[PDB]
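Asker: quick one: experimental structure and sequence below.
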Amino acid sequence: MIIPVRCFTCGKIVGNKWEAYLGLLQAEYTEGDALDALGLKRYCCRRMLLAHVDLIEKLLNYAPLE
Amino acid sequence: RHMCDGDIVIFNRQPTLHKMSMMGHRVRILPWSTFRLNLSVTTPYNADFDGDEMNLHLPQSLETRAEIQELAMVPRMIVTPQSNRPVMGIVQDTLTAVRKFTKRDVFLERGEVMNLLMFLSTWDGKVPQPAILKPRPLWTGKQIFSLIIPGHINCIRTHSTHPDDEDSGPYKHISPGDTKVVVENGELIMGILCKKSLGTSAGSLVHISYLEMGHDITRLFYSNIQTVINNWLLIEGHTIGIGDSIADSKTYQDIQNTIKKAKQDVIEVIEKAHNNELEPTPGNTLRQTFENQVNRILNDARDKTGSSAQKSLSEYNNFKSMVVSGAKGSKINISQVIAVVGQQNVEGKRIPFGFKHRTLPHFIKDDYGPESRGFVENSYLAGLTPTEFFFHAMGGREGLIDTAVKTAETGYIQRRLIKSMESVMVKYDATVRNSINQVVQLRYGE
Amino acid sequence: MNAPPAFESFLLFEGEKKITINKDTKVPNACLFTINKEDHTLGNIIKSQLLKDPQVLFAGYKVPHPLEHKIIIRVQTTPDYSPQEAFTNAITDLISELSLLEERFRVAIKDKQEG
Amino acid sequence: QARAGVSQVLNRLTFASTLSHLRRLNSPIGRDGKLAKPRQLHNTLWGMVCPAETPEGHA
Amino acid sequence: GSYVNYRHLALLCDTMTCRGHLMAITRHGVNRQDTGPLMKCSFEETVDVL
Amino acid sequence: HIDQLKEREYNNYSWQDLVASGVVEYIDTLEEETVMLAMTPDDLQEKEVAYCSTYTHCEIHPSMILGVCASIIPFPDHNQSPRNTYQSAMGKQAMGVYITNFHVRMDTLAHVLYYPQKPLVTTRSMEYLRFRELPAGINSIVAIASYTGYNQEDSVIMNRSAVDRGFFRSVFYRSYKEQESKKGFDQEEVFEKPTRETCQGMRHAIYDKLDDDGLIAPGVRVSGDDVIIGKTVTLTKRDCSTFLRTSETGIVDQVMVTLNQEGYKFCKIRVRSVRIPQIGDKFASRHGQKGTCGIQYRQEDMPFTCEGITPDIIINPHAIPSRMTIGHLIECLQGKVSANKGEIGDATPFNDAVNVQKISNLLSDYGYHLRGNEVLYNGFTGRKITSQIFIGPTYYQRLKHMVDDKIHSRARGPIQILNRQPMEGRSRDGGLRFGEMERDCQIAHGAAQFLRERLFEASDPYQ
Amino acid sequence: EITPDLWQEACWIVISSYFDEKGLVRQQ
Amino acid sequence: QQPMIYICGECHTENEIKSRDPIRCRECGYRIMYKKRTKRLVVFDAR
Amino acid sequence: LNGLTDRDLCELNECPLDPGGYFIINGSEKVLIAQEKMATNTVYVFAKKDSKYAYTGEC
Amino acid sequence: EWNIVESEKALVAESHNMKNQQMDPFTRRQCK
Amino acid sequence: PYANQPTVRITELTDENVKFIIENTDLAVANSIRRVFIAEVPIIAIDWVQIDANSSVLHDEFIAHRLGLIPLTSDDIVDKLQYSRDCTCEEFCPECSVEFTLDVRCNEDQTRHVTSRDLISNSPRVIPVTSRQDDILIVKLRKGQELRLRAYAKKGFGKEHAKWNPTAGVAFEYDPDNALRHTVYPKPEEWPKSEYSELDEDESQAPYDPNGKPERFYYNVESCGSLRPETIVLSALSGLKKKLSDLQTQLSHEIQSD
Amino acid sequence: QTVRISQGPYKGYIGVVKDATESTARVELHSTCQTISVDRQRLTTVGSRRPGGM
Amino acid sequence: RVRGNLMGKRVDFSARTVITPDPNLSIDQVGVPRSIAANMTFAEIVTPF
Ligand SMILES: [Mg+2]
Ligand SMILES: [Zn+2]
Ligand SMILES: [Zn+2]
Ligand SMILES: [Zn+2]
């Protein structure tokens, strides 16, 4: 639902990279280039930015008040 | 008092088909909340550790506790009277690990040997003389495994990959392939251990151990075997992957040639049948003999492809290791994975014509070719055609239905068999009678 | 619901000893050292260090059960060299080696920074 | 005297389960029949009924 | 390819050929024997035999 | 037509246009028997041995035959049909975000997963099944091997550190329904804390945990056999209130109160439970490889590749040959390739351009073995393993068959009213049934004393 | 003009259009 | 002196509902309303 | 919710991803399983052997 | 959009490199 | 019958990871040092969260879970604080813990991104990795929601939970050329060369070596951001030395008692 | 009543005393789904009142 | 009655839990959990021994 804080296998912090990943993908960069531009060498930490589904947005759509 | 370590219980699985399905166990509490049991005791219960369920009753009387401890127990219930052979055998990764552990080309250093000896509940406390003193002390797998064999056992068994044309010719007592298991004074001398010697089969090493030594001795034997082989597997390690499923690029050529030859042969048979040359085989009609010839041709082609695939494997392959060890698999599985799947028969026949004179809308009418009736030409590694995919699904459904009906019929059959001989017993007059004291046999089993 | 806590892997319980010596009866000069609340970290190095000593005829540890936090180390030396002093010497020299390694690593680091 | 199981509770355990349940069939043949012809996957079920998705129990 | 000890086969054969006639293992062959009312109801035909 | 359709959404172009144009056509099962169907347009028409050369129609894509649960299976044709069917049946039992507005629903037995990642390899069919938006699993670095032995007969070894970081950590809800009604002229229900004085019928449990209104407040600790609603019916009053089922041990999420069609006070309460993945929980991949976690090791104990990559799951190698699930290996290899490259791959059943050799060639261009095998190290001693283990990413699921929901015990529990024998069912705190087959087995063992004990002493003594 | 070879991509555009116009549970 | 405050369904406006009273909001008028978080020491362990 | 934008669906405590097509009885999602039977107004000529007739023209 | 253009360029590239296709793990039926 | 004289050489020193080499040492010591790098490394982290008002969409425990995984720099604080279990007081004393606070409420129309920067710590040096690169996103709040809580941090090691795991991934490797034959390649030509392989591109693997012990163990300790790599190595060595000293003391006491 | 473990391995947890005795007392842990049996002297009442009421 | 409550009854002191492999235990042992062990009991006679 939300980007994890650390990679399950390795342990490196990946929570502080989702926004940067989206920005790099938006500007011009592709996925295969953005991943190593952020500093993700091991393939185990690269799933967190590729496999992760961002469902928190749909949850936020059901705003309680106003 | 609450259940404490050392108490006797009766661990049981829900379908109790035979006697070897309710044996006593000693209690041992562990932190996490999951029943546990030695893998060897999994074969009798027919369990699979895939979400199964197994009950656990507890008696409330010293009388019944002692009775269960003396009658219904794991070490006491090793051999069954149905086929007078062991029921608990090594049929898991330990089997393949021990097979590779007992090969001629196994050498261990002092550190590894001393580490493995720690997992031995019957070690006398003396390090055996290494098989190779100089240039460096190196032990051998068989020499280490000898200490695991209790007592002075003597038995002879044959390995899975034992060439038949070896006993007749020379090199009978000295086998180049390290076969012809020979144990003397409870020490492994020759051969590689497999299911034929450690599994559930008449005359197996465990069977001989139980017959000669006591039940507790066999229990310690099983425990030591598992505790040593599993630990050595750490240093050895076993796996499976794509690298074990790829051929040598020439086997593919041979398989394609054989498949093309089979296709040409079946086409020629069809042409002969069309032009009225194939005479009816004795005892069968024209269609029957035509189908029999086609099936024989396809089976011969499949066997040739499987043999070619098997002969093209390497000793380092994992499928072949697991098949020769007999732990899990068979040669036909390797044949289907690499060479070719084969025919997808249903109801003991080929795929019928569900539509008007054709299997599926894709194929044209009166298309009795192999691919148009279920013959799967491809293999699980190289993908499958949609039509053969559907036919394979049909075959799997046939198997599932057969299993479902068996699971419903065999229970009733067993119930009727048990309710007809539930009072028969052997009286103290050394004779078999029933509840009405009617003699059925002057001596049990004559 | 019955999952054990996380402190039972290293913390000692009231009444449990950190180390217990038990002499073996099958062969002379052989004792089994049982350690509580430890893992392979504190037994493999000791096993190797004992292996280095030539006077130690046998040396090796094990884990009676992975869920249980306990390891048994069996040592057997020559009759003129008790296993207790062997264990003590192994620990002492291992500690000295680790301290020396730490000092060398520290000086290497301090030299690496601008040097 | 009427049929049974015509209206079932929609299993909302996962979206795939919901999709499968909303597009599921059920034959009126008696449960656990000795025959084996209606259960077998027939050749005409090409592109109409999934040849793989099906229970594995008595049904 | 399976194997079953001959003793069990012999015991089954004798039990099915003890009363001269071929007693059927079904409810129609075992309930005819003079075993006892409490034993017939266990297998099948509870109220009938009682 | 393709150009006009690719610019849909923007203007107004849809399937009805294709149907009206005369390009597609609906053929029913009864008419499909009189048409020369074709699989692909290009391959089966170019110019070769004259097979029929009279094709009337052509399918869209062969893989479209699959259904709902079968479509999400990557490479189904590379596996045997029974395992495909087992996966299709087990897919419906996978947990995850079953609906976006789950916090508003009050259904019974709802499961939700914290971090439901997306498969690294997605078939072209699940793009419309909506699976990628609401997945039901997490991609784990699976290494097929037999590390210790706790993963031999269909079992796995999970990483304790991974679980600590939130690996397959899901939640468990349990909603309740209870409302007051006018039983009779003198009988009447009402929400009120059953005190220790006026109420005669009462349970030996804590009651001050809830507020005066009679409804437990949200975010309060509860356990088995605890009062959740303060219902009391006047005969002075009888504690006709429900209690949390034994062995649940959850926390209240929210409390809802309203009026039913009859107009009485109707309220619903749901209790959540953070189910930490522990041994015994049933898992399964997308190929029918079920199993239960045997033991969990920490990161320091698990093996590792040439770099710090410890496997997250370790299945039995022996489960591959007997079951013939090469599709699982292909999925693992393609997932490794995708992770190295950095984009989701294609696992369409029939594609004519996805073999093993090309994938292997791609994987060889990143410093990894073309077949996916890698060299590990013994997590205990640190010695290299002789056999090159096969490790790589793979998409795994988690089923709801928890061990805590199945574990049960008994010690002279409640008894029935008709025949004085134990109850039935885990919820009712009943005992297991000693079936007739167990009786026959015990007779075979000749243990008459144990049989009589089980049937009389611990079943229903009576004089 | 016919679409030789380049057909794997145009094979799924029709499927996308069909699923967009008609839902999965459209029959009910 | 706790009158058992509630939160409305769609308005999310606090309401004071006492025993033997209808379950409705102070404004508009709906039939759905939830409770407020307890005042206890809700303490978790970040494990 | 006939042809209603996702905005309202989200505002009405619903999601646009719900397939729909399920009744709500007593606050429970009920779904009607599609039953299959023999096509009507079609002549079937079976060949039942466990009877006195060689052929039977059911319709 | 980038995925669509990527697929189109991959298709045109696959059409271009039509020199030779000699691969072991692939086959197709050929009736009559 | 004594120990050996290992040597150390750093090949790359940065503020994110270090690549050092240890020569002339046994494999067991190297593997133990690795496992200590991962498991037994004192470090501060969040372990006690008191949530007072959480109106977010996620679960109540989800906030605590995410907060537990947020690293905290402890370059000079971990060595000073003591384990909460061995404390001799009541309540989380600052002498043996560090207090945190988070009070964010989305008032404007746009959605908030509650990051680790909102964790206002009482101590100056004990702060999340935001000194010197976005911040760890905790949760997303919308107009009308809020998240008020206060948590305390304590000292722990990875063996207890993954939150106290400073090292991201240790790349332990020795004997790049398969000289000791500890692994048998069925087809050596099909495998790539290791990063530390000195062998040329012609030969696939080095020849066999009967009388050869494992040496030259390579390391690539990668810090998550809390503790510095060299600091992690020093702490691990000190902890292992302390464990050996305690074991020696216990053994001496046991021998004397007998 | 709500208590707080001030000494021992569980120092810092919060729970409600379920069953109390003269020496020991069972306290259900709030976070974890398990009930432990900790000594009474190890507990410290914290209570949960609501000052004001006007 | 006969097949429901005379040949097949429901007994106390029973359990039903999932199973997992554990090679470290002997063939005659069984790894029961702690909850089930504490829930069940065994009537033992008192004796000065
Ligand atoms: Mg099973
Ligand atoms: Zn990673
Ligand atoms: Zn209102
Ligand atoms: Zn303090």
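Answerer: Cool, got the structure. Numbers count the residues shown, from 1 in each chain, chains lettered A, B, ... in the order given. Ligands and ions are numbered 1, 2, ... in the order given.
Asker: when you work out contacts or count neighbours from here on, use the C-alpha atoms and nothing else.
Answerer: Noted.
Asker: secondary structure class for the residue nearest the centre of chain J?
Answerer: Closest residue to the average C-alpha location of chain J: residue J:14 at 4.9 Å, with C-alpha atoms, centre = their mean. Classification of residue J:14 by DSSP: H, G, I helix; E, B strand; the rest coil places it in helix.
Asker: for the residue in the stretch 51-200 of chain K that chain A sits nearest to, what are its contacts?
Answerer: In the stretch 51-200 of chain K, the residue that lies nearest chain A is residue K:136 (4.1 Å; C-alpha to the nearest C-alpha). Going by C-alpha atoms under 8 Å, 6 or more residues apart in numbering or on different chains, residue K:136 touches A:5, A:15, A:16, A:17, K:70, K:115, K:116.
Asker: then residue H:6?
Answerer: Counted by C-alpha under 8 Å, 6+ apart, residue H:6 has contacts H:14, H:15, H:16, H:17, H:33, H:34, H:35, H:36.
Asker: go again using 6 Å as the cut-off
Answerer: When contacts are counted by C-alpha atoms under 6 Å, 6 or more residues apart in numbering or on different chains, residue H:6 touches H:14, H:15, H:35.
Asker: tally of neighbours for the closest residue to residue L:10 other than its chain neighbours?
Answerer: Nearest residue to residue L:10, sequence neighbours excluded (C-alpha to C-alpha, 6 or more residues apart in numbering or on different chains): residue K:85, at 7.7 Å. Neighbour count of residue K:85, defined by other C-alpha atoms under 10 Å in any protein chain shown: 18.
Asker: mind checking the SS state of residue K:85?
Answerer: Secondary structure, three-state DSSP: residue K:85 is helix.
Asker: can you give me how far the longest helix along chain A is from the chain middle?
Answerer: Counting by DSSP state H, the longest helix found in chain A is helix A:18-27. Put simply, helix A:18-27 sits 9 Å off its chain's centre (C-alpha atoms, centre = their mean, to the nearest Å).
Asker: just want the angle from the helix or strand just after that helix to helix A:18-27.
Answerer: Downstream of helix A:18-27, the first helix or strand assigned by DSSP states H and E is helix A:31-38. Relative orientation of helix A:31-38 and helix A:18-27, computed by axes from the mean of the first three to the mean of the last three C-alpha atoms, to 10 degrees: 130 degrees.
Asker: ok, helix A:31-38 near chain F or not?
Answerer: Yes. Using C-alpha under 6 Å from any C-alpha of the partner chain, helix A:31-38 reaches chain F at A:31, A:32.
Asker: and chain K, is the helix or strand following that helix touching that?
Answerer: Scanning forward in sequence from helix A:31-38 by DSSP H and E, the next helix or strand is helix A:47-50. No. Helix A:47-50 does not reach chain K (C-alpha under 6 Å from any C-alpha); its nearest approach is 14.0 Å.
Asker: roughly how far is helix A:47-50 from the heart of the chain?
Answerer: The answer for helix A:47-50 is 6 Å, by C-alpha atoms, centre = their mean.
Asker: quick one: the helices in chain C?
Answerer: So, for chain C - with DSSP H - the helices run C:41-52, C:83-112.
Asker: give me the buried positions along the last one.
Answerer: Across helix C:83-112, burial judged by 16 or more other C-alpha atoms under 10 Å in any protein chain shown covers C:83-84, C:86-102, C:104-106, C:108-109.
Asker: circling back: most surrounded residue in the contacts of residue H:6?
Answerer: residue H:35 (21 neighbours).
Asker: and what about the nearest residue to that residue once chain neighbours are set aside, helix, strand or coil?
Answerer: For residue H:35, ignoring the flanking residues on the chain, the nearest one in space by C-alpha to C-alpha, 6+ apart is residue H:6 at 4.9 Å. Following three-state DSSP, the label given to residue H:6 is strand.
Asker: so how far is residue F:105 from residue H:6?
Answerer: 19 Å (C-alpha to C-alpha, to the nearest Å).
Asker: how long is stretch F:143-156 end to end?
Answerer: Using C-alpha to C-alpha, first and last residues of stretch F:143-156 are 10 Å apart.
Asker: so how far is it off the chain centroid?
Answerer: Worked out by C-alpha atoms, centre = their mean, stretch F:143-156 lies 21 Å from the chain centre.
Asker: do that stretch and chain A meet at all?
Answerer: No. Using C-alpha under 6 Å from any C-alpha, stretch F:143-156 stays clear of chain A, coming no nearer than 12.2 Å.
Asker: what does that stretch contact?
Answerer: Contacts for stretch F:143-156 (C-alpha under 6 Å, 6+ apart): B:49-50, B:238-239, F:291-294, F:311, F:314-317, F:390-391, M:21-22.
Asker: same for ligand 1: which of the residues you listed are within range?
Answerer: Contacts with ligand 1 are made by residue B:50 out of the contacts of stretch F:143-156, judged by C-alpha under 5 Å from the ion.
Asker: from the contacts of stretch F:143-156, list just the buried residues.
Answerer: Of those, these count as buried by 16+ other C-alpha under 10 Å: B:49-50, B:238-239, F:291-294, F:311, F:314-317, F:390-391, M:21-22.
Asker: for residue K:230, which non-adjacent residue is closest in space?
Answerer: Nearest non-adjacent residue to residue K:230 (C-alpha to C-alpha, 6+ apart): residue K:18, at 7.0 Å.
Asker: quick one: the one you found and residue F:305, what's the gap?
Answerer: Distance from residue K:18 to residue F:305, by C-alpha to C-alpha: 18 Å.
Asker: angle of the one helix or strand the residue nearest to residue K:230 maps to against helix C:83-112?
Answerer: For residue K:18, the enclosing helix or strand under DSSP H and E is strand K:18-23. Relative orientation of strand K:18-23 versus helix C:83-112 (the same axes, to 10 degrees): 130 degrees.
Asker: look up how far chain D lies from the residue in chain A positioned nearest to ligand 4.
Answerer: In chain A, the residue that lies nearest ligand 4 is residue A:5 (28.9 Å; C-alpha to the ion). Distance of residue A:5 to chain D, given as C-alpha to the nearest C-alpha, to the nearest Å: 25 Å.
Asker: neighbours around that residue, how many?
Answerer: By other C-alpha under 10 Å, neighbour count at residue A:5 equals 26.
Asker: contacting residues for the residue in the stretch 301-450 of chain F positioned nearest to ligand 4?
Answerer: With C-alpha to the ion, the shortest gap between the stretch 301-450 of chain F and ligand 4 falls at residue F:301, namely 32.8 Å. Residue F:301 is in contact with F:379, F:380, counting by C-alpha under 6 Å, 6+ apart.
Asker: surely it is within a helix?
Answerer: No. Counting by three-state DSSP, one finds residue F:301 to be coil, located in no helix.
Asker: for chain B, just list every one of the helices.
Answerer: B:42-45, B:62-71, B:93-101, B:110-117, B:141-148, B:195-198, B:205-212, B:215-236, B:251-274, B:286-311, B:318-325, B:331-334, B:386-418.
Asker: in PDB, list the C-alpha atoms belonging to the fifth one.
Answerer: Spelled out, it's helix B:141-148. This file holds the C-alpha atoms of helix B:141-148, laid out as PDB (Å, rounded to 0.1, in the frame of the first residue of the first chain):
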ATOM      1  CA  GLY B 141      32.500 -41.200   2.900                       C
ATOM      2  CA  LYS B 142      32.100 -44.900   3.300                       C
ATOM      3  CA  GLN B 143      34.600 -45.100   6.100                       C
ATOM      4  CA  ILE B 144      32.600 -42.400   8.100                       C
ATOM      5  CA  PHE B 145      29.300 -44.100   7.300                       C
ATOM      6  CA  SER B 146      30.600 -47.400   8.700                       C
ATOM      7  CA  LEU B 147      30.600 -45.900  12.200                       C
ATOM      8  CA  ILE B 148      26.900 -45.100  11.700                       C
END
